[PDB]
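Ideal geometry is used to build each Cβ from the backbone, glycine not excepted, and the neighbour counts take in all protein chains shown. Bear in mind that the values in this text are calculations on the coordinates, not laboratory data.
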Amino acid sequence: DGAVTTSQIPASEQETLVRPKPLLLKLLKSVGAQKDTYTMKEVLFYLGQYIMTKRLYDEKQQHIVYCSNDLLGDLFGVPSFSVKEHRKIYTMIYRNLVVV
Ligand SMILES: CC(C)(C)S(=O)(=O)C[C@H](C1CC1)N1C(=O)[C@@](C)(Cc2ccc(C(=O)O)cn2)C[C@H](c2cccc(Cl)c2)[C@H]1c1ccc(Cl)cc1
């Protein structure tokens, strides 16, 4: 368990409670998550752990994640994305859960 936060998104939005649909829930459980209801910053921590463990960000100054051949690309619906465009990342995650 853990959290990952950003100044690009209001802090209160990062505390939003969400119930992942089945694919997102599986990715979280694969790196140690134990429940069905999370905050958005917990979802970003587990997704970061998932990105590390699956070796999807080994070049630490590149700023782009390539995911077209991973579960992540199916989840988000894109082949790659910038790690710096935080609002766009939140939009993609919201499509994969029910907000409480
Ligand atoms: C393990 C950590 C080092 C703690 S990490 O920060 O999670 C690493 C993770 C990368 C994808 C693996 N990651 C980043 O590297 C970061 C630092 C990339 C970054 C670099 C520079 C700038 C800037 O100059 O504006 C902005 N963003 C942060 C990114 C992140 C963090 C919180 C929310 C969001 Cl939406 C994104 C954040 C990230 C990006 C996408 C997702 Cl889905 C999850 C986390």
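Find which of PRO22, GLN61, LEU44 sits farthest along the positive direction of the dipole of the chain, computed with +1 on the beta-carbon of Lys and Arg, -1 on that of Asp and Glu, about the Cα centre.
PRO22
Scale the Cα Rg of the range 1-67 by the rule-of-thumb value 2.2 N^0.38 Å and send over the ratio, two decimals.
Working: Rg = 12.5 Å, N = 67, 2.2 N^0.38 = 10.9 Å.
The range 1-67 yields a ratio of 1.15.
For the chain, modelled as a GNM with alpha-carbon contacts under 10 angstrom, which of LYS84, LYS35, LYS60 fluctuates the most?
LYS60
Note down the relative contact order for the chain as a percent, whole number, built from C-alpha pairs under 8 angstrom at least six residues apart.
For the chain, the relative contact order is 34 percent.
So how far, in whole Å, is the C-alpha centre of the range 3-31 from the one of the range 56-82?
17
What dipole magnitude, in Debye to the nearest 20, does the chain give about its Cα centre under +1 on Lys/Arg Cβ and -1 on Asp/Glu Cβ? List each step's numbers first, then the result.
On the way: 13 positive and 10 negative charges, 28 e Å.
Approximately 140 debye in magnitude.
How do 88-98, 49-59 rank on mean C-beta neighbours within 10 Å, highest first?
Working: 88-98: 15.0, 49-59: 13.5.
With the highest mean Cβ count within 10 Å placed first, the list reads 88-98, 49-59.
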